[PDB]
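Heads up, the thing below is written out as structure tokens.
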Number of protein chains: 4
Amino acid sequence: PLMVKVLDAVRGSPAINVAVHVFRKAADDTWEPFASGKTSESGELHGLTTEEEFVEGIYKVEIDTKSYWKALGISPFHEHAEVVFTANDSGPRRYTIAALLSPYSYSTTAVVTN
Amino acid sequence: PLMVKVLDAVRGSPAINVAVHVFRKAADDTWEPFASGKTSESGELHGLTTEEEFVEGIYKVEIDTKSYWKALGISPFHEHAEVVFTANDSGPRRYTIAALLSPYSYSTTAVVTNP
Amino acid sequence: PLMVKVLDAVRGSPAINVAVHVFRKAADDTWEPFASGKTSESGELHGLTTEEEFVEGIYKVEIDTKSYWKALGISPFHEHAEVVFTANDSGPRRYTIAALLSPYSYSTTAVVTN
Amino acid sequence: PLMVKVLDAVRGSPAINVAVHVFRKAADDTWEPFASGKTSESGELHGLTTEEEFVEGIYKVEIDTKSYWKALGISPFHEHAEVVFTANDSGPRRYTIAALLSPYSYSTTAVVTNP
Ligand SMILES: *S(=O)(=O)c1cccc(-c2nnc(-c3cc(Cl)cc(Cl)c3)o2)c1
Ligand SMILES: *S(=O)(=O)c1cccc(-c2nnc(-c3cc(Cl)cc(Cl)c3)o2)c1
């Protein structure tokens with residue numbers, strides 16, 4: 001139900017071995033750990049959650065861009081990239097969060113399909 | 001020292017009346033409110049801080065994209081766009097945070113200059 | 001060896017049924033038709049060329065964004081999106097040209113892998 | 001009436017000294033040279049045309065990204081970034097074409113205003 005895909009705009013490649021942390025917003029407005037992993041050789045992280053666990057709510061996907069750039073010897077601007085959204089059951093069932101990374105910029109889009 | 005510029009990729013226009021909240025990470029790891037404002041008719045927000053107040057630290061610029069799209073009667077994907085960065089750690093710099101908004105996507109870039 | 005992937009930033013979806021034309025730059029600097037098709041239900045167009053036919057050179061991928069937006073009742077800015085690049089044998093073998101579309105903006109990236 | 005702004009996503013800076021060529025489609029379908037220039041220290045290019053000369057038509061703004069990245073000693077993916085659009089077909093407008101550059105990617109947006 002939730003996939004993350006990360007691309008590198010400097011090298012023209014998937015962004016491999018990027019740490020990604022997913023959080024769910026709790027009743028008290030704090031961010032509760034939900035899922036995490038490292039992107040694969042294709043820049044993708046699957047297996048984060050199941051349909052049962054992925055209920056409506058506000059989620060935050062934090063992509064550790066700073067460590068990625070540092071490991072390439074590049075000083076980047078951001079601490080991380082955060083993508084914050086509501087999961088809504090009225091919409092399509094599968095969410096892909098995509099991000100395209102540069103040292104001083106990032107872009108993100110959602111592909112929400114059935 | 002800190003300016004925010006926001007564009008609308010649907011309209012081909014400045015994104016006007018976008019609320020922006022800036023936070024700074026405190027010594028205890030919480031996000032302290034630092035400044036706020038909203039974008040003008042030109043999509044720009046100036047006057048958030050001063051050179052004196054804009055000390056070294058980790059800053060979070062939260063651009064209230066959902067509120068922007070909902071005020072236009074549109075149901076967008078994201079809650080906000082958050083831009084988190086260390087500032088002024090090699091001395092004072094001027095930062096422009098730019099964002100380009102669509103209902104299911106955004107991009108953001110930084111222009112950092114040494115005065 | 002060549003794939004095109006097109007996404008819609010307004011609807012959060014693949015951009016389906018988008019016409020895509022690929023051209024190769026000829027010796028006289030004109031653009032010679034090379035391959036074309038329409039993106040699938042996943043926003044992808046595969047089957048454009050083969051390894052034998054896809055030799056080094058300058059290629060142009062023209063994405064008919066204007067017709068896409070018109071069919072959704074949206075007046076867009078661009079006539080099309082053009083992505084122009086050199087295929088180089090020294091680099092990785094598989095080229096994916098990705099584009100993310102909005103009415104007054106587009107972004108494009110290359111994912112070049114082995 | 002026509003301005004071009006270019007940013008560098010690697011450096012976090014204006015993209016300076018970027019060559020830009022503008023073409024207009026002629027009645028016979030060829031691309032006629034219309035104007036050209038290069039971006040300033042602020043990444044901006046003004047003075048390409050006048051209200052009188054910038055008539056209705058289909059325009060192509062070619063941003064010479066490869067030449068920019070090669071002048072910096074970098075091997076980029078694209079030859080150029082081309083922005084093709086109909087202009088002034090509901091009367092005169094002011095157009096800003098903005099581009100954000102990385103070695104294997106670019107984005108472009110338009111801001112269109114009615115004076
Ligand atoms: S696919 O899942 O096989 C595939 C292959 C290559 C690239 C993609 C992809 N997904 N998102 C993007 C993208 C995101 C942004 Cl923010 C900007 C751009 Cl230009 C592309 O590319 C998917
Ligand atoms: S400038 O202040 O004259 C000026 C005018 C129009 C647009 C800009 C501008 N600033 N940033 C951007 C931009 C940001 C992103 Cl994330 C993506 C793109 Cl394509 C452009 O445009 C500045």
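Residues are referred to by chain and number: the chain letter is A, B, ... according to the order shown in the structure tokens, the number counts from 1 in that chain, and ligands are numbered separately from 1 in the order shown.
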Can you work out which residues from chain B touch chain A at a cut-off of 6 Å (counting only C-alpha atoms) and hand them back as a PyMOL selection string? chain B and resi 77-79+84-85+104-110
Give me the chain B side of the contact with chain D, cut-off 8 Å, one line per residue showing its nearest atom pair and distance in Å at one decimal, counting only C-alpha atoms, sorted by chain and residue number, as a tab-separated table.
```
residue	atom	partner	partner_atom	distance
B:9	CA	D:109	CA	6.7
B:12	CA	D:111	CA	4.6
B:13	CA	D:111	CA	4.9
B:14	CA	D:111	CA	7.1
B:109	CA	D:9	CA	6.7
B:110	CA	D:12	CA	5.4
B:111	CA	D:12	CA	4.6
B:112	CA	D:12	CA	5.8
B:113	CA	D:13	CA	7.3
```
Output file for the residues above (N, CA and C atoms, as a PDB file, in the first residue's frame):
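Once everything was written out, this is out_1.pdb:
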```pdb
ATOM      1  N   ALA B   9       2.125  26.153 -10.006  1.00  0.00           N
ATOM      2  CA  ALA B   9       2.396  25.467 -11.258  1.00  0.00           C
ATOM      3  C   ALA B   9       1.137  25.164 -12.083  1.00  0.00           C
ATOM      4  N   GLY B  12       0.261  29.174 -13.236  1.00  0.00           N
ATOM      5  CA  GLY B  12       1.341  29.982 -13.821  1.00  0.00           C
ATOM      6  C   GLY B  12       1.415  31.376 -13.219  1.00  0.00           C
ATOM      7  N   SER B  13       1.466  31.417 -11.900  1.00  0.00           N
ATOM      8  CA  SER B  13       1.375  32.640 -11.148  1.00  0.00           C
ATOM      9  C   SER B  13       2.107  32.526  -9.845  1.00  0.00           C
ATOM     10  N   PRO B  14       2.414  33.664  -9.234  1.00  0.00           N
ATOM     11  CA  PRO B  14       2.807  33.616  -7.836  1.00  0.00           C
ATOM     12  C   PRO B  14       1.699  32.937  -7.017  1.00  0.00           C
ATOM     13  N   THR B 109      13.769  24.664  -3.743  1.00  0.00           N
ATOM     14  CA  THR B 109      15.185  24.924  -3.912  1.00  0.00           C
ATOM     15  C   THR B 109      15.610  26.047  -3.003  1.00  0.00           C
ATOM     16  N   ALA B 110      16.907  26.112  -2.789  1.00  0.00           N
ATOM     17  CA  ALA B 110      17.486  27.173  -1.965  1.00  0.00           C
ATOM     18  C   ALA B 110      18.526  27.946  -2.759  1.00  0.00           C
ATOM     19  N   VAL B 111      18.525  29.249  -2.573  1.00  0.00           N
ATOM     20  CA  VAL B 111      19.590  30.127  -3.048  1.00  0.00           C
ATOM     21  C   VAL B 111      20.227  30.741  -1.819  1.00  0.00           C
ATOM     22  N   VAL B 112      21.519  30.499  -1.679  1.00  0.00           N
ATOM     23  CA  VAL B 112      22.290  30.919  -0.528  1.00  0.00           C
ATOM     24  C   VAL B 112      23.395  31.826  -1.040  1.00  0.00           C
ATOM     25  N   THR B 113      23.445  33.029  -0.494  1.00  0.00           N
ATOM     26  CA  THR B 113      24.427  34.026  -0.930  1.00  0.00           C
ATOM     27  C   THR B 113      25.159  34.593   0.276  1.00  0.00           C
TER      28      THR B 113
END
```
Where does DSSP see alpha helix (DSSP H) in chain D, if you list the residues as a VMD selection string? chain D and resid 65 to 71
Keeping N, CA and C atoms, export the residues of the selection given above as a PDB file, in the first residue's frame.
```pdb
ATOM      1  N   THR D  65      21.942  24.549 -21.436  1.00  0.00           N
ATOM      2  CA  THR D  65      22.369  23.911 -20.196  1.00  0.00           C
ATOM      3  C   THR D  65      23.676  23.120 -20.365  1.00  0.00           C
ATOM      4  N   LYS D  66      23.840  22.416 -21.494  1.00  0.00           N
ATOM      5  CA  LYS D  66      25.056  21.642 -21.676  1.00  0.00           C
ATOM      6  C   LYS D  66      26.282  22.564 -21.654  1.00  0.00           C
ATOM      7  N   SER D  67      26.193  23.680 -22.382  1.00  0.00           N
ATOM      8  CA  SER D  67      27.286  24.648 -22.464  1.00  0.00           C
ATOM      9  C   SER D  67      27.565  25.170 -21.073  1.00  0.00           C
ATOM     10  N   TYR D  68      26.518  25.377 -20.257  1.00  0.00           N
ATOM     11  CA  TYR D  68      26.681  25.848 -18.876  1.00  0.00           C
ATOM     12  C   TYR D  68      27.435  24.850 -18.017  1.00  0.00           C
ATOM     13  N   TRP D  69      27.016  23.582 -18.025  1.00  0.00           N
ATOM     14  CA  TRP D  69      27.629  22.580 -17.222  1.00  0.00           C
ATOM     15  C   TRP D  69      29.065  22.262 -17.717  1.00  0.00           C
ATOM     16  N   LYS D  70      29.285  22.235 -19.030  1.00  0.00           N
ATOM     17  CA  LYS D  70      30.631  21.998 -19.602  1.00  0.00           C
ATOM     18  C   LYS D  70      31.597  23.128 -19.271  1.00  0.00           C
ATOM     19  N   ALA D  71      31.117  24.373 -19.206  1.00  0.00           N
ATOM     20  CA  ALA D  71      31.972  25.512 -18.857  1.00  0.00           C
ATOM     21  C   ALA D  71      32.411  25.419 -17.400  1.00  0.00           C
TER      22      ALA D  71
END
```
Give me the residues within 7 Å of residue 61 (chain B) as a count of residues only, counting only C-alpha atoms and dropping any in the same chain fewer than 4 places off. 7
Which one of A:113, A:13, A:36, A:67 sits closest to ligand 1 if you count only C-alpha atoms and all ligand atoms?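 For ligand 1, the nearest of the given residues is A:13.
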Any idea what's packed within 8 Å of residue 103 (chain B), counting only C-alpha atoms, ignoring anything in its chain fewer than 6 positions away? Could you give it as a VMD selection string? (chain B and resid 69 74 to 78) or (chain C and resid 9 to 12)
Mind listing the strand (DSSP E) residues of chain A, per DSSP on the backbone, as an MDAnalysis selection string? chainID A and resid 2:8 13:14 19:25 31:38 44:45 57:63 78:87 94:102 105:113
Who sits within 10 Å of residue 21 (chain A), only C-alpha atoms, same chain under 2 positions skipped, as a ChimeraX atom specification: /A:18-19,23,33-38,48,60-64,82
